[PDB]
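S.K.: with the input below, show me the fold.
(2 chains)
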Amino acid sequence: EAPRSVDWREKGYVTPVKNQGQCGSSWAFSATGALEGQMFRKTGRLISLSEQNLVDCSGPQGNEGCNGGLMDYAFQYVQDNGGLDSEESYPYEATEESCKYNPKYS
Amino acid sequence: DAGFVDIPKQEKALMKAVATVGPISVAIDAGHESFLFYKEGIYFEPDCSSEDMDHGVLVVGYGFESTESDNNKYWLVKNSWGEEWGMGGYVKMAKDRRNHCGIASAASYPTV
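M.R.: Residues are numbered from 1 along each chain as shown, chains lettered A, B, ... in the order given. Below is the structure in question.
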């Protein structure tokens, strides 16, 4: 039967609490938290992942940056992109910016 | 190939997924001042909707308060409004009270 109590923080699956600031990006923090947990499940490594990479780059999958989004659209972006950058390499700005992975027009 | 698994809209299905998979993304109705000013304890808001969710959060576990005589189960939820909100940034959401705030209505996790 399922246990009576479960707390994945005790097992090392959860990063510290973050602050989305003045931006409607809770969908991105929910999605990075679930991805941080499944990458720890797979590899035993807990790394804070980038909500900014989702806010800036997952518009093709249906998200709207600081104007709202869905965790499933963020998970589709992760699979399309082959992963997600770390928070340390692609830090949070609490505003939608250009996706550096978009070549744009030249 | 979609990159995620959707959990059926039921708290027992969510409980099994949390126990077997790890933290799960969920959405809740966070549009009540009781949640904006939440500080501690099991959160129960009589006027919460199980259909109109507007805020994504992360279920990292579940448990129960043995010194409370009924309505004592909760979901352990990580929010993203910083550590000064709630219990160091976390909230204990009422569990097994008719899908309170829609916590089991839009639950999923990524495939890796």
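
S.K.: count of neighbours near the closest residue to residue A:20 other than its chain neighbours?
M.R.: In space, not counting the residues next to it along the chain, residue A:20 is nearest to residue B:80; the distance is 4.5 Å by CB to CB, 6 or more residues apart in numbering or on different chains. In this view, the C-beta of every residue, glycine as well, is placed from N, C-alpha and C. Close neighbours of residue B:80, defined as other CB atoms under 10 Å in any protein chain shown, add up to 24.

S.K.: surely residue B:80 and residue A:30 touch.
M.R.: Yes - with contact defined as CB atoms under 8 Å, residue B:80 and residue A:30 form a contacting pair (7.4 Å).

S.K.: which stretches in chain A count as strands?
M.R.: A:6-7 (DSSP state E).

S.K.: select the longest helix from it.
M.R.: Within chain A, and with DSSP state H defining each element, the longest helix by residue count is helix A:26-43.

S.K.: for that one, what is the distance to the chain centroid?
M.R.: Computed by CA atoms, centre = their mean, to the nearest Å, the separation of helix A:26-43 from the middle of its chain amounts to 7 Å.

S.K.: cool, and stretch B:60-76?
M.R.: On CA atoms, centre = their mean, the centre of stretch B:60-76 falls 12 Å from the chain's centre.

S.K.: report whether that stretch contacts chain A.
M.R.: Yes - with CB under 8 Å from any CB of the partner chain as the threshold, stretch B:60-76 lies in contact with chain A, specifically through B:60, B:61, B:62, B:63, B:64, B:76.

S.K.: do the same with stretch B:35-43
M.R.: No - figure legend: stretch B:35-43 not in contact with chain A (CB under 8 Å from any CB); closest approach 12.4 Å.

S.K.: contacts for that stretch?
M.R.: B:30, B:34, B:45, B:65, B:68, B:71-72, B:74, B:85-87, B:91-94, B:101 (CB atoms under 8 Å, 6 or more residues apart in numbering or on different chains).

S.K.: check which element follows the longest helix seen in chain B along the chain.
M.R.: Longest helix in chain B by number of residues, with DSSP H as the criterion: helix B:11-21. Remark: after helix B:11-21, the chain's next helix or strand is strand B:24-28, criterion DSSP states H and E.

S.K.: and that following strand, what does it pack against?
M.R.: Contacting strand B:24-28 under the criterion 3 or more CB pairs under 8 Å, 6 or more residues apart in numbering or on different chains; DSSP states H and E are the following elements: helix A:26-43, helix B:11-21, strand B:55-64, strand B:108-110.

S.K.: which secondary structure elements does the last one contact?
M.R.: Which is strand B:108-110. Judged by 3+ CB pairs under 8 Å, 6+ apart, strand B:108-110 is in contact with helix A:26-43, helix A:71-81, strand B:4-6, strand B:24-28.
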